[PDB]
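Undergrad: Sequence isn't available, so here's the structure alone:
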């Protein structure tokens, strides 16, 4: 909570979700891949950061 | 919060309307004084609050 | 004509009981030397910013010029070999500590209209009450024993010094209150400190209650998922 | 919380004691329903805290 009052979090307005969405925003991309990316992002949001599943999902998305 | 002198002054009057009027005037004067003190305190607390919230965050860190 | 006492982060507020326990034992010999005096005494002071034990002995300018002469009450040394009870009796401001000469110049300038001034004093205690009502620091028994309405406030300056002492402000803030000479100025500075600590504590308690509410809401969300269960 | 049909039956009754007794019976039935509603959640709480206590004794021994 002190971090919320003043902390590293909530700075640079950077999120993995948004970062990956903007990375592909400049790419002429098909749709099937688009739905796969949507599913991967949904799982990543569902998946907790500390989980190894989360790291595997992040690597695959990268 | 009126002083004892004002209480004696109110007790001095014989007619009920005059003593009631004096008591109402005393109440209004005391309310005005309390409002003035409250406004001055609000001024002081806002001036202190003019201190940037950074100090609050530093104290949270401490 | 005594050497400066190593304060060692022991700010002795005026008229307020305090205990000093310095690691250095030299103060023990200093105290023992003044035992034979029929009028034992000790002068408390306040250290400046960037406290340094070596600078105190090597330089006498680190300690502020303002000081508080007090009378030794008792020597205990229950836990440590150095434990002195210090209070505030005689406030003084040395013209030049390096050059001791001391003048008990206690400025207590007051207006002859002693009718509306006490109102502000009332406000002071009110805030103090609020503080001890919301941030209990010391027993209220002192409040009951010392009541303004009893006319026992013979020296309201000492009472204001109490009110500032209970404040959590830094030593620098109390120093800056002391340097102020006009009574209204020091009173307003102390009241500003009171409002400052009030805001600090209010933010702290608001945050704590909000966090507890968030935790109970998290538990109730666990229950609402137990509704899926 | 009785249904509209129950209120219609109550209104149909013309004798005062009949309607009073019917209203009392409907009140107690509806309160039994609500008590079951709230007791099921209170049983959720009871089971959760019983499990927590069992695992707390397990934590002590562990």
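TA: It's in. Residues are numbered from 1 along each chain as shown, chains lettered A, B, ... in the order given.

Undergrad: Which helix in the chain has the most residues?
TA: No chain in the question, so chain A it is. Across chain A, the longest stretch assigned as helix under DSSP state H is helix A:32-46.

Undergrad: I was thinking of chain B, sorry if that wasn't clear
TA: helix B:16-49.

Undergrad: Could you check the angle the helix or strand just after that helix makes with helix C:183-228?
TA: Proceeding N to C from helix B:16-49, the next assigned helix or strand is helix B:54-61, under DSSP states H and E. Using axes from the mean of the first three to the mean of the last three Cα atoms, to 10 degrees, the inter-axis angle of helix B:54-61 relative to helix C:183-228 is 60 degrees.

Undergrad: who are the neighbours of helix B:54-61, in terms of helices and strands?
TA: helix A:2-5, helix C:183-228 (3 or more Cβ pairs under 8 Å, 6 or more residues apart in numbering or on different chains; DSSP states H and E). C-beta coordinates here come from the backbone N, C-alpha and C atoms, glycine included.

Undergrad: Give me the distance from the last one to the chain's centre.
TA: From the chain centre to the centre of helix C:183-228 is a distance of 25 Å (Cα atoms, centre = their mean, to the nearest Å).

Undergrad: Repeat that for the shortest one.
TA: Its chain's average C-alpha position is 23 Å from that of helix A:2-5, according to Cα atoms, centre = their mean.

Undergrad: what sits up against the helix or strand following that helix?
TA: Using DSSP H and E, the helix or strand that directly follows helix A:2-5 along the chain is helix A:16-25. The contact list for helix A:16-25, computed with Cβ atoms under 8 Å, 6 or more residues apart in numbering or on different chains, reads A:37, A:41, A:44, A:45, A:58, A:61, A:62.

Undergrad: hmm, back to that, which positions in the longest helix of chain A come out as buried?
TA: A:40, A:41, A:44 (16 or more other Cβ atoms under 10 Å in any protein chain shown).

Undergrad: For the last one, which non-adjacent residue is closest in space?
TA: Closest residue to residue A:44 apart from its sequence neighbours, by Cβ to Cβ, 6 or more residues apart in numbering or on different chains: residue A:57 at 5.1 Å.

Undergrad: Repeat that for the first one.
TA: Leaving aside its sequence neighbours, residue A:40 sits nearest to residue A:61 (Cβ to Cβ, 6+ apart; 5.1 Å).

Undergrad: so the one you found makes contact with residue A:39?
TA: No - if you go by Cβ atoms under 8 Å, residue A:61 and residue A:39 don't touch, sitting 10.4 Å apart.

Undergrad: Close to chain C: what parts of chain A are there?
TA: A:1, A:5 (Cβ under 8 Å from any Cβ of the partner chain).

Undergrad: hmm, 7 Å instead?
TA: residue A:1 (Cβ under 7 Å from any Cβ of the partner chain).

Undergrad: And the residue of chain A that's closest to chain C?
TA: residue A:1 (5.7 Å; Cβ to the nearest Cβ).

Undergrad: Any idea how many residues pack against that residue?
TA: Neighbour count of residue A:1, defined by other Cβ atoms under 10 Å in any protein chain shown: 11.

Undergrad: Hmm, residue C:208 and it touching each other?
TA: No - the criterion here is Cβ atoms under 7 Å, and residue A:1 misses it with residue C:208 at 8.8 Å.

Undergrad: list the contacts for the nearest residue to residue B:22 once chain neighbours are set aside?
TA: Distances taken as Cβ to Cβ, 6+ apart put residue B:10 closest to residue B:22, at 5.2 Å, once the chain neighbours are dropped. Taking Cβ atoms under 7 Å, 6 or more residues apart in numbering or on different chains, we find residue B:10 in contact with B:19, B:22, B:23, B:26.

Undergrad: Would you quantify the distance from the residue of chain B at minimum distance from chain C to residue C:207?
TA: Closest contact between chain B and chain C, by Cβ to the nearest Cβ, is at residue B:45 (4.5 Å). Counting by Cβ to Cβ, to the nearest Å, the gap from residue B:45 to residue C:207 is 19 Å.

Undergrad: Residue A:16 too?
TA: 29 Å.

Undergrad: And residue A:47, by the same measure?
TA: 30 Å.

Undergrad: again with residue A:61
TA: 36 Å.

Undergrad: do the same with residue B:40
TA: According to Cβ to Cβ, residue B:40 stands 28 Å off from residue C:207.

Undergrad: Get me the contact residues on chain B for chain C.
TA: B:33, B:37, B:41, B:44, B:45, B:48, B:49, B:56, B:59.

Undergrad: list the contacts for the first one?
TA: When you say that, I think you mean residue B:33. residue C:119.

Undergrad: Likewise for the last one?
TA: By Cβ under 7 Å, 6+ apart, the contact list for residue B:59 reads residue C:200.

Undergrad: measure it to residue C:202 for me?
TA: The value you get for residue B:59 to residue C:202, if Cβ to Cβ is used, is 13 Å.

Undergrad: okay, which residue is most central for chain B?
TA: residue B:34 (1.3 Å; Cα atoms, centre = their mean).

Undergrad: ok, for that residue, nearest residue in space, not its chain neighbours?
TA: In space, residue B:34 is closest to residue B:1, 7.8 Å off (Cβ to Cβ, 6+ apart).

Undergrad: you'd agree that neighbour is up against residue B:30?
TA: Yes - at 5.7 Å, residue B:1 counts as touching residue B:30 under the criterion of Cβ under 7 Å.

Undergrad: So between the two, which is more surrounded?
TA: residue B:30 (14 against 9).

Undergrad: surely that one meets residue B:6?
TA: No - the criterion here is Cβ under 7 Å, and residue B:30 misses it with residue B:6 at 9.0 Å.

Undergrad: residues in contact with the residue in chain A that chain B sits nearest to?
TA: Of all residues in chain A, residue A:6 sits closest to chain B, at 3.7 Å by Cβ to the nearest Cβ. When contacts are counted by Cβ under 7 Å, 6+ apart, residue A:6 touches B:57, B:60.
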